[PDB]
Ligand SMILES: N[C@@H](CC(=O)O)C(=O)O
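Just the one chain here, the form solved without ligand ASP, laid out as structure tokens.
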């Protein structure tokens, strides 16, 4: 900080930091400085990551309560059902694309990791209703503490609807009590947006450090087959975007190219900060002035959608579990490869919108299939290299998430005729 580093445009600041970090991690990691980068530089990246998780539970709780207390329950249902159907459709298309692009590259094929047989040949306990019940928290404070985003989303929506029923009562004591509770939650959401805007000023250092460490450690693993997995995530991702989202927007009447030229802001600010609920201010300030959606829509769909958006995750798992499988030499068929729907579309509904969520979810899916031994087996290294390239995969698995969020908000807006057509004329 010298009073000028806080005035350079935030987005250009982040991209400048990211490119400088990539160059530093390349030239250093090649000159044998992995230890120095890990020791002096990586802690800044870890501090940035930790900051990007401090402000996810409060922002989710407060912003959902406000976004539900602003909308009347009728429009709230008419919007939420649409946004959930949209996430389901686009996430199913995402899983399909994962199963396709994890094969079209034959990912992790000639990584002969000294193992012919394994334990992932078959495993499918996809307990669906057991997840549809886990949405309901047994103790909402205990679900705040344990960092579960979906039960807190449920409780927040319920509390918001209760408040909007209260502020229509007649006992003027109750009206005031409800207004005061709503103002508490509104103040908390706004303070969290300030905190996020503040963290995105340090982000040009955190991104620099993170990508520097990543490009210093894994700067040589992008030569082997582990490059045909970053290729298989990014090709699958570009396909996700340019097929799913543009097909949808053309179907509903939104011109896709203009949609991209207008989403560029949030697309880029989420491609680098790798967090959906840390770029939530940016995507809201995009849906407000650059897309034209009404506030009573994106005040709820965007914070709800920043969590439950399993396109990047499912596209990330549907191509990374295939890599782990082909790495340990034990194959698996398409139908049996639906360990993604086991976790990504069911277990990983909430944990989508924190950095490195894909890696921890892959750790969650590789342990449920039976592959548990962490220190020695090929399951160790096959997942360790993924954890190493987790940042390069995570920079995109959330750009797609925020693009899908904006596309779903635009869709729910356009169907409800709450989308300002004065912005979409160019």
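In this text, the rigid core denotes the largest set of C-alpha atoms whose superposition between the two forms falls within 1.5 Å. Positions refer to the first chain, counted from 1.
From this point on, the text means the form deposited with ligand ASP bound, which you will not see here.
This form has no room for ligand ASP: after superposition of the C-alphas round the site, using its pose in the bound PDB entry, 3 or more of its atoms sit within 2.4 Å of a backbone or C-beta atom. In summary, among the residues 313, 283, 320, 240, the only one with a non-hydrogen atom within 4.5 Å of ligand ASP in the bound PDB entry is 313. Just one of 356, 126, 140, 296 comes within 4.5 Å of ligand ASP in the bound PDB entry, counting any heavy atom, and that one is 356. Of the heavy atoms in residue 352, some are within 4.5 Å of ligand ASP in the bound PDB entry. Under a 4.5 angstroms non-hydrogen atom cutoff, ligand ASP in the bound PDB entry has residue 275 among its neighbouring residues.
A residue is said to contact a partner when one of its heavy atoms sits within 4.5 Å of a partner heavy atom; residue 401 meets this definition for ligand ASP in the bound PDB entry.
Residues of just one listed stretch (377 to 385, 364 to 372, 33 to 41, 390 to 398) have heavy atoms within 4.5 Å of ligand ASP in the bound PDB entry: 390 to 398. Candidate set 244, 143, 269, 326; criterion, C-alpha shift of 2 Å or more between this form and the one not shown after rigid-core fit; matching residue, 326.
Shown in the overlay between this form and the one not shown, fitted on the rigid core, is a CA shift at residue 32 smaller than 2 Å. Residue 343: CA moves 2 Å or more between this form and the one not shown after rigid-core fitting. Once both forms are overlaid on the rigid core, the distance between the two CA positions of residue 51 between this form and the one not shown is under 2 angstroms. In the bound PDB entry, the CA atoms of residue 359 and residue 373 come closer by at least 3 angstroms compared with the shown structure. The pair residue 234 and residue 120 is at least 3 angstroms farther apart at the CA level in the bound PDB entry than in the present model.
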